[PDB]
């Protein structure tokens, strides 16, 4: 009933945001015949909406050292980050940003002609002792737009075969190896199997499990879900980042560059409240700490607006020419979506779901891993990079301007590793003749679904459930109810209702597939949250307020009984879902503390984390 079209490549990249673009043409540039399969035209990816910039220790504003950026990221992650991946990312950052400027990215400039860099949340000089760092390279406040448009333009010079507006449904697995992906061509309603020696998942995040997020409508966890349907684990999915400043109402992002350029957060009584919560960093503390701070001010009666449910971002004390040159994007957006003139009045802002720290777990080379009997094992043929991956460079909390860096650093890493591991033209592995057949059965089931609960209503019940049960502060009783409500909504998917029986541009159908995918991510997120009985980074448990490591790092380690791996929480969550029942199983694997080169860059032991 569905004509299946079969393709053969050396490599298939799923996703055409910043990470997938970089991986895809990087692969073609190494001589690999590469398909890039994307559900959106590439410049529409959520990466296009990024604003504040991309970190790299170029030293254009002061003397810098990538090792300070390494340290900031490790402390930023609250010691759930893998220090080998953070070493790779931060050491690679100067060459990666320079690669982008040489492609033609129109970076803002300094008086010396070099790339302008601003201050940004949680970055410091001298290993946390030297004052605020200025290493966030930016194109005004549209860095992601230019990043993506430059990567897309650069990709046109290469033989990469693009499959635009194709929706990947599942991976083709055989004996624990990925053999490619299966997808639906939205433009004409046909099914396509992409066989390839290597498959790269770069599908973005899943902010749309929540009711208010900064993310595009298209951030639906699609690659994450395919990994879950493959019986593979995802990692750290309970770790969701609330950006301090989504605009009240539509949820649109207002960049942390506003605070990096001088803007300040104020409450109803005009207090710059961050001076009380984080006396050193102030409005440039880490995002988990700023978002928790704002959330405390609102629930303690200092919310702004007629409902006492947001706070203010003040920019008007800053010179108007600085706003025009450094923050033109949010100046328009504050007018359109708030009717605010940033030179006269503050922007109403509140913490809003923004970024997923967890994802498909990988090693520092981008290779997807599983974990079996205490040992990490690479999944042959399968790579992930970008917000859909958990390398993990971000741990429990991502520093602003580190995601765009992750995209280009690990997108290229995936390409470099395939090139050092495989050769072009190697015989693409065969699949059984019926491979992917179950993906089509599910599609046909949803396309003709005629139950009691239309897709928009089931999605809404998921988003409001996540919003009120898996928010900035969490507790066990409330998480447990969110787990119970979510599992019921998962079962009630058997009652789904769709109306569009076509197959060409059936977004009624495509959004029902995305719903299934969001549901798998959300089940893993909230069940992992309920199990994690500690507070770390963005995961704050008011019934378990302390961070629980293998030692108490607040006192000297001399004479301490190390805690067994099962009795502490400095470990990655590994989540699996039985897709038929919706039952979530959880395991744990150790954080990697070794760097790539101890003499070049010391492992940073865990410590009290305060801004």
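Numbering follows the first chain given and starts at 1.
- If you average the C-alpha B-factors over 401-409 and over 470-478, the higher value belongs to 470-478.
- If you average the C-alpha B-factors over 481-489 and over 102-110, the higher value belongs to 481-489.
- Looking only at 44, 69, 545, 39, the residue with the top Cα B factor in the deposited structure is 545.
- The PDB entry gives the largest Cα B-factor of the residues 26, 53, 59, 556 to 556.
- For residue 313, the recorded CA B-factor ranks within the middle third of the chain. Only modelled residues enter the ranking.
- Among all modelled residues in its chain, residue 505 ranks in the lowest third by Cα B-factor.
- When the CA B factors of the chain's modelled residues are split into thirds, the value for residue 189 lands in the highest one.
- When the modelled residues of the chain are ordered by their C-alpha B factor, residue 130 lands in the highest third.
- In the deposited entry, the Cα temperature factor of residue 218 places it in the lowest third of its chain's modelled residues.
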